[PDB]
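Down below is the structure, laid out as structure tokens.
In this analysis, Cβ positions are derived from the backbone assuming ideal geometry, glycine residues included, and neighbour counts consider all displayed protein chains. Please treat every number below as a calculation from the coordinates, not as lab data.
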Amino acid sequence: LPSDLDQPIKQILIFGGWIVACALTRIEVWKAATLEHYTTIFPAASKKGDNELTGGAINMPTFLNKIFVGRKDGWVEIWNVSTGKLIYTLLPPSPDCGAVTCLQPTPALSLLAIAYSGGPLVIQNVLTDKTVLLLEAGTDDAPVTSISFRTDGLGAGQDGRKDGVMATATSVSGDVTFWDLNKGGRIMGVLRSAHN
Amino acid sequence: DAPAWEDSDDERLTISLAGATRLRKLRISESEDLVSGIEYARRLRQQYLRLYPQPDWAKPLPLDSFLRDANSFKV
Amino acid sequence: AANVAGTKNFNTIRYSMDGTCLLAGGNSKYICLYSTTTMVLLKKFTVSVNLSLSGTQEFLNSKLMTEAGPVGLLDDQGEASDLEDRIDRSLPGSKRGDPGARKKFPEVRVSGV
Amino acid sequence: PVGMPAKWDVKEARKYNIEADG
Amino acid sequence: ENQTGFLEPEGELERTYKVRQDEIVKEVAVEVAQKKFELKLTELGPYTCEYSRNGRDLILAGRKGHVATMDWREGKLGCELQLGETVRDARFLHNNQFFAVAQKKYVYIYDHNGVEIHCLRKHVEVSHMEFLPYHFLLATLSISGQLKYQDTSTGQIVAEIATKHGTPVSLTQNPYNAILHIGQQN
Amino acid sequence: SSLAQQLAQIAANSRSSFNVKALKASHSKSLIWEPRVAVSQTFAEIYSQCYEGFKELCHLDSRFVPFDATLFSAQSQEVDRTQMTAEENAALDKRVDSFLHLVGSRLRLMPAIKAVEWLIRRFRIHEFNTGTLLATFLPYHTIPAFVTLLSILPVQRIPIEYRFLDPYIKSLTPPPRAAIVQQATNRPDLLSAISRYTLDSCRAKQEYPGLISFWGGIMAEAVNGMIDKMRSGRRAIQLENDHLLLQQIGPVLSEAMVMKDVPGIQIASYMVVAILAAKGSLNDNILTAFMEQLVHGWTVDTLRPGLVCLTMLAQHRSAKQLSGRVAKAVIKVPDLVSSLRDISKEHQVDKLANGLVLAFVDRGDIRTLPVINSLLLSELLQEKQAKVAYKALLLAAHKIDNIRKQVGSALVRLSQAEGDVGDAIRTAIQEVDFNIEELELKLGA
């Protein structure tokens, strides 16, 4: 660990030859083949709050050396982790939704699912910066916190032979929610009280 | 559908395809050895499309918006 | 195992050298140690934990039941490298000893205490 | 009877190994 | 009438041994893609397959006793029986009517329903069997190295040969000469 | 018998015959001919008879001419379906489903039954396309041709949703609508399969009134029985049951309400919405969603049934006002008040008219005043609704910051109304305790 690390360390993410640790407002990146420290990503903000890296960072699968970080502001910033360079930022749609609660890569290529604290799930082309779907998936008191996609190839469309199912859960509830993403992204079922 | 951001590092990166055994399967001929980062990412995209093809959702009405709105299923 | 009659009796009993406690053992896994005055079972023992013997647990598990009977019942002598191990010189229906003596998974019984 | 689930067996699925995005 | 099947690699990088069975099943016709199945029988020994010589019915025998006879295209089983003791080799006879199973001591020949017609007591500890199809001889190698040819039609053993050296490790049968290539341990 | 179970699944999943008796039985299964004749029939005799049938069908309707080239071809005499690959079999399945959607309307006729007999005896549609064939014969479940199809169907080839038909295959009688409706209320899969078949036909515009009336009746009775099952009395269970009913229904009704080109399926979906809004005690936001989609969806052909279903939807709501776009398209309705009197002869339009007047008054537009005046002098509202509507109109007149000229003209006409509505309006003036003559001389001067 670096000497000047006085923060808890929220998540770890291993890809390429790099392991990447999103702490709270800071990313420490090691090289995995030698397990050595490489550099440190410092996102910057104008306000005190908006620097905070809630959500996390994730990789897109066919994207070379790029992590996708979510901020306390609605921004999802792409960072090239080789040269340590902020390469793009993508802004929240309808900016009343405030904080990026999570983000997950779809099984489609270069489409990321960003889930904001104001409620919307968006799935966006991350090189076109163009929204593919917009879903009011959460209450403002119950923000969507974990999302995951079914990579099977079937399970939607009221017959079960069409793909595109996404489960999601909020931390304040105990019920998961399944979406069929095909026509506009309708809901298909809610598994209630999966846990307490 | 033009790409909004462009990376300047993928032009400079170069990668040997015949050296690694995992990257061996994504060359075109039995001559391609040293590949730049853009063509490497292109072959990597082709191979991801080989493993999982692009689903048909990746390619308004009031009741449909009511169904896709998750504030309506509350207890 | 609750309905097996035959392992529910005491084949042999011996008093203590004090004379205050019987000890009782039959064709079963348990040795009982009774009191001869207060008539209560002071302590029960289990003779063997060994599952290579046959009657040491009262609830056999259904993993060992194939569609051809139990798995510890198929004759596996033919998968032996040596002829003197492959030969079955056993007599049909010999409960008390034969020199053939297949003796695969013998019963648990306390024949003397 | 029909509509009953069968036993569970792990379906073999080819995944994109992410150690090559480097 | 028919044509011989094949597969040939198109490109210069593609090679024939890297072709997956899912790719074959996707590219091939459906009446022959039906025949790619898998039987999951776990608890009764390693299994031993033998087809009839027209390929109608196959017999598969486990090591711990489970011998079954099925018509594998039509999916019906003609017979299934458990037999207790070990099973060295199972073999169809001239038809799919009779088969012959090598038990822990003898061989036994059975009818189509699995009802045991008889056991052959001269053939003790048979480890390998081969049925000559045009002669009606059933040739059995014991573990002792003795090779007995039993005429199946009339029921008398033709020639008990004693292979003078060692237990035999393998046995096959030339389909052109009907001579037996047995393969020793030296 | 795990091996017998695996082999039973293999034998049920197998498709091509492999012994001579199996080939003779599978060739013997026919619609028209008895089995003793249908065993000994080559594919030239069947093609001659059934091509005479297809010539009659192609002279009846025009759109069978691609199937003249692909399905009923002289080369299609010889094609074995079990020898082609998976993509050839899938494209043949698409062609067969398109022909069955096309031929479902004329299926009582002997030409169409001869064409279906060609598909059955050559391509083995009763084994390879059992879902679409059974669904396209389901609206004719009272006829001997359905009895014969039920006779020749394989048992294990039927889908799981249509496995109520097994006693009607064991005893060759046509199944009743009570059996189909009861299995539709019990299984969501059968209702989803019927609705998916008719919507997949109606998107290709191959609808017919028999199919539309069939689907409308069975979804109406199935939603009826489904509500009577979903009712529980416990609050959380009835909430979850209303949610499960909407998740099982919503795609079908959300498409069949705004299918503009097929007014029959639009009216049938209106019937299902009327049953769902009357009998099932639903929520106000769900009912505004239904009303907004109906309002987006109607045509001139379904305007008066749409208004009947709108009266029921607005009547069974707990809120008092309509949500905007409903009132906008009812502004766009041509003869609102006369149509509402023709409906209120049988249907109690009062809450719809009250919500309409309130939603018009909440607009600051002044092109709604003839509609507000007609709805007030209509004698459709009650006395209390008329009083609170006039009070809201004068409050809007106090809230406005021309506009006031038309407002005062409407107010003096409503005050000088003739009958019981004018009595209640002047009583509303007396209980709001504000003078007529102030705004009267203010607008007259």
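With r defined as the distance between the Cβ atoms of E:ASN177 and E:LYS36 and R0 fixed at 51 Å, what FRET efficiency is calculated, to the nearest 0.05? Display every interim value, and only then the final one.
Values: r = 34 Å, r/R0 = 0.68.
It comes to 0.90.
Can you list the residues, at least 5 places off or on another chain, whose amide H is less than 5 Å from the amide H of A:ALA32, using H built in the peptide plane?
A:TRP18, A:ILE19
Of all the stretches in chain E, which is the longest one without any exposed loop site, taking trypsin sites (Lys or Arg not before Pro) in a DSSP loop (any state but H, G, I, E, B) with at most 14 other Cβ atoms within 10 Å? Working shown, then result.
Working: sites that count: E:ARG15, E:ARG20, E:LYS35, E:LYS36, E:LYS40, E:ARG53, E:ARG121, E:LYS122, E:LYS164.
Here the longest segment lacking exposed loop sites spans E:54-120.
So, counting K/R as plus one and D/E as minus one, what does the shell of residues with Cβ under 12 Å around F:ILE403 add up to? Numbers along the way, then the final one.
Working: positive: F:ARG363, F:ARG367, F:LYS399, F:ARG404, F:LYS405; negative: F:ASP365, F:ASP401.
Cβ neighbours under 12 Å give a net charge of +3.
Put +1 on the Cβ of each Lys and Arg and -1 on the Cβ of each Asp and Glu in segment F:16-170; which of F:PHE164, F:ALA90, F:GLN77 then has its Cα farthest toward the positive end of the dipole?
My answer, from the dipole projection, is F:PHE164.
Would you grab the residues whose amide H sits under 5 Å from the one on E:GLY78? Only those 5+ places off in sequence or on another chain, please, with H modelled 1.01 Å from N.
Those qualifying (amide H under 5 Å, at least 5 residues apart or on another chain) are E:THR69, E:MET70, E:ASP71.
Over chain A, what is the relative contact order in whole percent, taking alpha-carbon pairs under 8 Å and six or more residues apart? Write down the numbers at each step before the final one.
Numbers: 456 pairs, mean separation 18.5, N = 196.
About 9 percent, as a whole number.
Just checking the output field for A:70-79: average partner chain Cβ neighbours within 10 Å of each residue's Cβ? Intermediate results must be reported in sequence, preceding the final value.
Details: counts 0, 0, 0, 0, 0, 0, 0, 0, 2, 0.
So the per-residue partner count for this stretch is 0.
In whole Å, what is the distance between the alpha-carbon centres of segment E:1-67 and segment A:161-187?
40
For labels at A:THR128 and A:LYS10 in the simple 7 Å Cα→Cβ model, what's the distance in nm?
2.9
With each pseudo-label sitting 7 Å past Cα toward Cβ, what's the B:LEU34-C:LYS63 distance in nm, one decimal?
Computed distance between label sites B:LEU34 and C:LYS63 equals 5.8 nm.
E:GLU160 versus F:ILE143, label points 7 Å from Cα toward the beta carbon: distance in nm?
For the pair E:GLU160/F:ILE143, the computed spacing is 7.8 nm.
So what's the gap between the Cα centers of segment F:42-108 and segment B:1-22, to the nearest angstrom?
52
Enumerate by residue number the trypsin sites (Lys or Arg not before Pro) in segment C:70-102 meeting two conditions: DSSP loop (anything except H, G, I, E, B), and at most 11 other Cβ atoms within 10 Å of the site's Cβ. Please list the in-between numbers first.
Working: sites: C:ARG86, C:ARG89, C:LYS95, C:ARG96, C:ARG102; in loops: C:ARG89, C:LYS95, C:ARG96, C:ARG102.
Here the sparse-neighbourhood loop sites are C:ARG89, C:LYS95, C:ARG96.
For the peptides F:224-236, A:124-136, A:69-81, A:150-162, what is the packing order when you average, over each peptide's residues, the other Cβ atoms within 10 Å and list the highest mean first?
Details: F:224-236: 13.5, A:124-136: 18.2, A:69-81: 22.0, A:150-162: 15.5.
Per-residue Cβ counts within 10 Å, averaged per peptide and sorted highest first, yield A:69-81, A:124-136, A:150-162, F:224-236.
So for each of F:131-138, C:71-78 I average, over its residues, the number of other beta carbons within 10 Å; can you give me the resulting order with the highest mean first? Provide the component values of the computation, followed by the final result.
Working: F:131-138: 21.9, C:71-78: 16.5.
Highest to lowest by the protection proxy: F:131-138, C:71-78.
Give me the dipole magnitude in Debye, nearest 20, for chain E about the Cα centre, with unit charges on the beta carbon: positive for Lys and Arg, negative for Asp and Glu.
Details: 21 positive and 24 negative charges, 162 e Å.
In debye, rounded to 20, chain E gives about 780.
Separation of segment C:20-67 and segment A:8-79 by C-alpha centroid, Å?
Segment C:20-67 and segment A:8-79 have Cα centres separated by 64 Å.
Could you tell me the relative contact order of chain E? Use alpha-carbon pairs under 8 Å, at least six residues apart, and round to a whole percent. Working shown, then result.
Values: 351 pairs, mean separation 17.2, N = 186.
With pairs under 8 Å counted, the relative contact order is 9 percent.
Count neighbours as other Cβ atoms within 10 Å of each site's Cβ, and list the chymotrypsin sites (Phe, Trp or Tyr not before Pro) in segment C:1-106 that are DSSP loop with at most 13 such neighbours.
Details: sites: C:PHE10, C:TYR15, C:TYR30, C:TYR34, C:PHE45, C:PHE59; in loops: C:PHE10, C:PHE59.
Passing sites in segment C:1-106 are C:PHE59.
Among B:2-12, F:45-55, how do they line up by average Cβ neighbours within 10 Å per residue, starting with the highest? Mind dumping the intermediate values first?
Working: B:2-12: 13.2, F:45-55: 17.7.
In decreasing order of mean packing, B:2-12, F:45-55 become F:45-55, B:2-12.
Could you sort out which of F:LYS384/F:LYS442; F:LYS328/F:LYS399; E:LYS76/E:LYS122 sit more than 30 Å apart by Cα distance in this structure? Show your work: numbers first, answer last.
On the way: F:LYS384/F:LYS442 28 Å; F:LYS328/F:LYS399 22 Å; E:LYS76/E:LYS122 34 Å.
Distance filter (> 30 Å) returns E:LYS76/E:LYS122.
Just tell me how shielded E:2-13 is by partners: mean number of partner chain Cβ atoms within 10 Å of each residue's Cβ, no decimals. Mind showing how you got there, number by number?
Values: counts 0, 0, 0, 0, 0, 0, 0, 0, 0, 3, 4, 7.
Whole-number average of other-chain Cβ neighbours for E:2-13 is 1.
Rounded to a whole number, what is D in µm²/s for chain C from Stokes-Einstein with the Kirkwood radius over alpha-carbon pairs (4 °C, 1.567 mPa s)?
Details: Rh = 17.1 Å.
Result for D is 76 µm²/s.
Sequence neighbours fewer than 8 away in the same chain don't count; with that in mind, list the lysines whose C-alpha is under 18 Å from C:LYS8.
C:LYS29, C:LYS43, C:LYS44
Across the residues of E:74-82, average count of Cβ atoms on other protein chains within 10 Å?
Working: counts 9, 10, 6, 8, 0, 0, 5, 1, 5.
Counting Cβ atoms of other protein chains within 10 Å of each residue's Cβ and averaging gives 5.
In the structure displayed, which of F:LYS55/F:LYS114; E:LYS36/F:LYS29; C:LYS63/C:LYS104; F:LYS279/F:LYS351; C:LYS95/E:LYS105; E:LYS35/E:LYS64 lie more than 21 Å apart, Cα to Cα?
Values: F:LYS55/F:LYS114 10 Å; E:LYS36/F:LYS29 28 Å; C:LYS63/C:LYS104 19 Å; F:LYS279/F:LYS351 17 Å; C:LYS95/E:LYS105 24 Å; E:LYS35/E:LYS64 27 Å.
Cα-Cα > 21 Å for E:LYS36/F:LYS29; C:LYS95/E:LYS105; E:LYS35/E:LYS64; rest within.
Beyond a 28 Å Cα-Cα separation, which of these cross-linked pairs lie in this structure: A:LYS66/B:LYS59; B:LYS74/F:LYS205; A:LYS130/E:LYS18? Before the final figure, lay out the partial values.
Numbers: A:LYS66/B:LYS59 24 Å; B:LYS74/F:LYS205 38 Å; A:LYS130/E:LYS18 39 Å.
Long pairs (Cα-Cα over 28 Å): B:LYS74/F:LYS205; A:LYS130/E:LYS18.
Name the residue farthest towards the positive end of the dipole of chain F from the options F:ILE403, F:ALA184, F:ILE275, assuming +1 on Cβ of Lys and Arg, -1 on Cβ of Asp and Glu, about the Cα centre.
It is F:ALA184.
Counting only C-alpha contacts under 8 Å and six or more residues apart, can you give the relative contact order of segment E:107-186 as a whole percent? Before the final figure, lay out the partial values.
Details: 146 pairs, mean separation 14.8, N = 80.
Answer for segment E:107-186 is 18 percent.
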